[PDB]
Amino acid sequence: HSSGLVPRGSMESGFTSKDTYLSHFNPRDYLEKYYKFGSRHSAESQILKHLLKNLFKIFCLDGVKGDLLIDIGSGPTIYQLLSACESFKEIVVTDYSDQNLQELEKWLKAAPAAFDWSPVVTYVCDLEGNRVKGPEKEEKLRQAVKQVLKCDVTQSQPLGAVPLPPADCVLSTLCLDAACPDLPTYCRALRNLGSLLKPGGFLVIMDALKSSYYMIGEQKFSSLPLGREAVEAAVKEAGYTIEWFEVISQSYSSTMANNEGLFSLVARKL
């Protein structure tokens, strides 16, 4: 323990170790901190609002759609799946943190103590032209998530021995910056993720730019600080062609992250 000097579980290697996410990452503190849609004019809400807007553009407006979408790094969050749910018959959510899976499974069964995503669901519904309502939307997403699996991006087999068909798309929101301690592992993880993709399948990555850390209240966690070029290069190296690539200037509040914006991209496997 370093008390804010360095991120938790990082004094030895410099990067927050994987095991720190099984112990100190409290998903309910994370949800309450980063995904409260109460004040819609907060720097966090603006990030989430742009994530959804981009997810809406990829999944409802563009052509990213198919049988299987593997979500890598789901965290305790389901916002990243609201738009994809309209485009994929089956979604698979994955994450390293058991507590994250724990909170995910509470929402998948609509338990009362589960985090309330209803204000977030409504905004997406608006983006989708209000063809549905809040409750109908959640049920559709809940019906499409067929598996809740362990995940490890540092393994050649990221979803373990679990046999899945090749997915049409792979989606990772705010995962690789926290998971990959360096660029070679970042590049390698992107290569392992491709082992789950149909040839010519889509890869969708939205993460922070130039972020050495991010805050969960007083708990600091390591993030890999990446420029657009470092991202673009690691992706192309992993066996991908970048179809489009966006970079935004909006950043998290000074109390929450030192990132210099966010990036979003769609890439296909060669």
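When you see a residue number, it is the position in the sequence shown, counting from 1. We call the rigid core the largest set of C-alpha positions that still match within 1.5 Å between the two forms.
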How do 40 to 48 and 54 to 62 compare in 5 other deposited structures of this protein: which one has C-alphas farther from this form after the rigid core is matched?
40 to 48
Could you settle it for me: does 206 to 214 or 43 to 51 have the higher average Cα B factor in the PDB entry?
43 to 51
33 to 41 or 62 to 70, whichever carries the higher mean Cα B-factor
33 to 41
Among the chain's modelled residues, which third holds the C-alpha B-factor of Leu262?
lowest
Can you work out whether the C-alpha temperature factor of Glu103 puts it in the lowest, middle or highest third of the chain?
middle
Sorting the chain's modelled residues by C-alpha B-factor and splitting them into thirds places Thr185 in the lowest
Split the chain's modelled residues into thirds by Cα B-factor; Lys89 lands in the highest
Split the chain's modelled residues into thirds by Cα B-factor; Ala110 lands in the middle
